[PDB]
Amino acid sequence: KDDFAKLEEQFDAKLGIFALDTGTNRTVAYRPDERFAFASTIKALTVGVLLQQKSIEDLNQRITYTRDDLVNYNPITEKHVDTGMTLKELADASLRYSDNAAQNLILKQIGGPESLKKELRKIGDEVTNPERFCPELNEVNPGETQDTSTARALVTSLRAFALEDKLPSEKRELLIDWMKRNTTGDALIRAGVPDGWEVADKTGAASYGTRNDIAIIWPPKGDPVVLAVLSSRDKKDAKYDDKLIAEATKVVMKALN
């Protein structure tokens, strides 16, 4: 409690923390219901919904696109404009590289932010507010609730898809594999977790120094932890520091042990 305030003190930032130990039902909450721009963590839920709406076979559908559908951070999708990419390959790119264009293509496919919100409401997430495609292209100003969620809701919806019954097991397995194989999170939740332990995570970064990671974390032996660490700062062009996330993860891990 004061460890998390210490981190807020040390990094001049606001933290939102929610963790669930699914083995004991122990919880670690710190501003659990405070809203942050969810930023690219929404990609994990976007794929959950894609997977609910498609057989694994249907993920082989090819999606074509041009250079004009690519804006900022498209490491995978910029390599394939000639051929396009299948839904499967877009999911991989979106989750493991946070390919922004891949995300936009998947979001279109599922019916846009309106359909994403519909499906999240259906799983009992009253908080996550998808509003815009690309939502990184627009600022979430303090007090704005469009494209925001909370640590607690993000954990709840992530557990629903990844760990519970919102997906049949072969699709839940695909989601988990992609997340475990994320390339973008080494300095975040993964840097705060004990060595060896498996981590499936999805990162995000926006304006106002927003720096997020959501994860499922497995102990050698036992049930997983599901965790959201959301952060933001006072100023629109504020810098973030990944260390804040890693260190907040350390505190959660302490508290769970």
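In case it trips you up, residue 1 is the first one in the sequence shown, and so on.
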Stretch with the greater mean C-alpha B-factor as recorded in the entry, comparing 102-110 against 128-136: 128-136
Segment of higher mean CA temperature factor, 117-125 or 140-148: 140-148
Largest Cα B-factor, entry values, listed residues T86, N182, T156, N72: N72
B-factor third for the C-alpha atom of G209 within its chain: middle
For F38, the third of its chain into which the C-alpha B factor falls: lowest
Chain thirds of CA B-factor: placement of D92: lowest
CA B-factor placement of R62, once the chain's modelled residues are sorted into thirds: middle
For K221, the third of its chain into which the C-alpha B factor falls: highest
